[PDB]
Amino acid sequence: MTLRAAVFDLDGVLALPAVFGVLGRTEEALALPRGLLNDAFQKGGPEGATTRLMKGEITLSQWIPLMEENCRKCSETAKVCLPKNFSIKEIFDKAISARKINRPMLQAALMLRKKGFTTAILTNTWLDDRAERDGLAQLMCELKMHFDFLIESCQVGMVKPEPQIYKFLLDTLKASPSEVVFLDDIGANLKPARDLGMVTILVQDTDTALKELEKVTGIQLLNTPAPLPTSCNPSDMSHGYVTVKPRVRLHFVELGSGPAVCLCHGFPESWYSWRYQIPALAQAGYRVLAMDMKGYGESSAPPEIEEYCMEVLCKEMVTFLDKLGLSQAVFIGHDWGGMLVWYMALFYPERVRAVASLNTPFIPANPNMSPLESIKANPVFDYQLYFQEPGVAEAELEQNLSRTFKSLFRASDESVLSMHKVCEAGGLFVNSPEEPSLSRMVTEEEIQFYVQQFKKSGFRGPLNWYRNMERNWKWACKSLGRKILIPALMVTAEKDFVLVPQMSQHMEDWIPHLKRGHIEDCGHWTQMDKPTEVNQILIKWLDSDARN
């Protein structure tokens, strides 16, 4: 009775415009008899060429000659002559290419799966061996990840509306007819489903079909707020391991193809902090490499403090590129990662295609002042003095991992921390709740991932990034006569009460062609506070500065 599974057609529902609709306009353009392309498309019926193509018996390249004869045969009966420029190859090439994803439909499908539905795609498709088959391959891959099953006609040897495929569909979904809703742009494909007892929605226009699907499922799909970008499931990611040197191996996650983009997280985060950026960046045509920085998660965490100074952390990232075969890579960082990528561009510009930083500005070294004096001359950086002593800051953060991350990963309007009274009060969480409320930015599952990551190597490694003030300062002073002249981007967050946008006001002195981005109502955790704006800024900057 109560629905539980949802099935979606591709051509006409999830993808628009349908191939039949582009074939109809072609009939109008070249002034053919109406429907002639569709009579040739459907010549022979269940024993014709198109059904042999839809069943995997022949490939698309094999079917085009058969479609050419059907058009010459159909044009002979209607007493007409096909133009001199008639090309079925070129006609379908434009149709397959013009087909885009119906985002209101896919977003509604995601909402159902989020609410606990089993989503699937049931489409009549073909084995595409065209030279331009990659265009259709990209489309399928980005739709496949959002559904539990993709049942293709040419893979199973069954086509709609043959009843055998619907019995195969119900077996795949492991559900009864009256528990499944099925959407298709063709009414013929619904009669066998409507006979087995499943709910049917004829999709003519998307917003009306969504109104019907709202009613039968009891879930609001239309006029739903803007959904978050696609997140990452760790157990479905490609996990990579590179040994940059003895006792030091770096763990990273990889997705997509194209120019290598290397993401560097901050303190106290993980590769998972790019969960909203990784698919979005890979979809834009990039090979994302989200790192576990030295001392974090599955990466090595040697205890020595000097192993985390900026000079060592940068030489190892260069090595990481070497052992992977990458001459360059776009470096996007946040918090400590952002500071590391600034010095990557300053010391190894030949290995940085482009550099970008979230929140963290490039503050050049002061040759006449130690960094400890400057940190003391700023009450917001007072927690960094508390971090200096080893073991002290570790005991507090490692005491209750759940409370630690729930008190940190909070929006700008949820803050329960006072970064300016840390050393005085003798702790970061002295005046914070023992069981803080779950922020709007992170679910309980996402918090429990960070907990499991930091159960590995603790907080010693991460905190050691703070404990190389004098070493990093001596190193940076060697680059005081340089200038960053590669593509650079500085993204500032309005409500970051520690890395304020005003700290970046002088950066153009050192980066003349610096580009900028600003995100409003955004706290420190830029990636998970405003992921849709982070994705927009980066994909726009990458497409114009990093790619060729």
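Between two forms, the rigid core is defined as the largest C-alpha subset superposing within 1.5 Å. Counting begins at 1, following the sequence as shown.
Each structure in 9 other deposited structures of this protein is fitted to the shown form on the rigid core, and of 409-417 and 459-467 the C-alphas lie farther away on average for 409-417. In summary, of the stretches 24-32 and 510-518, 24-32 shows the greater Cα distance from the shown form in 9 other deposited structures of this protein, with structures fitted on the rigid core.
The stretch with the higher mean CA B factor, choosing between 357-365 and 188-196, is 188-196. Looking at 174-182 and 472-480 together, the entry lists the larger mean B-factor for 174-182, computed on C-alpha atoms. Listed residues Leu485, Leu30, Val491, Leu53 were ranked by CA B-factor as deposited; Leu30 comes out on top. Take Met344, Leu127, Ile91, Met291 and read off each C-alpha B-factor from the entry; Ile91 has the highest.
In this PDB entry, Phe267 carries a Cα temperature factor that places it within the lowest third of its chain's modelled residues. For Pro349, the recorded CA B-factor ranks within the lowest third of the chain. Only modelled residues enter the ranking.
Among the modelled residues of its chain, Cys154 has a C-alpha B-factor that falls in the middle third, as given in the PDB entry. Among all modelled residues in this chain, the alpha-carbon of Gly427 has a temperature factor (C-alpha) in the highest third. When all modelled residues of the chain are sorted by CA temperature factor, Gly12 is found within the middle third.
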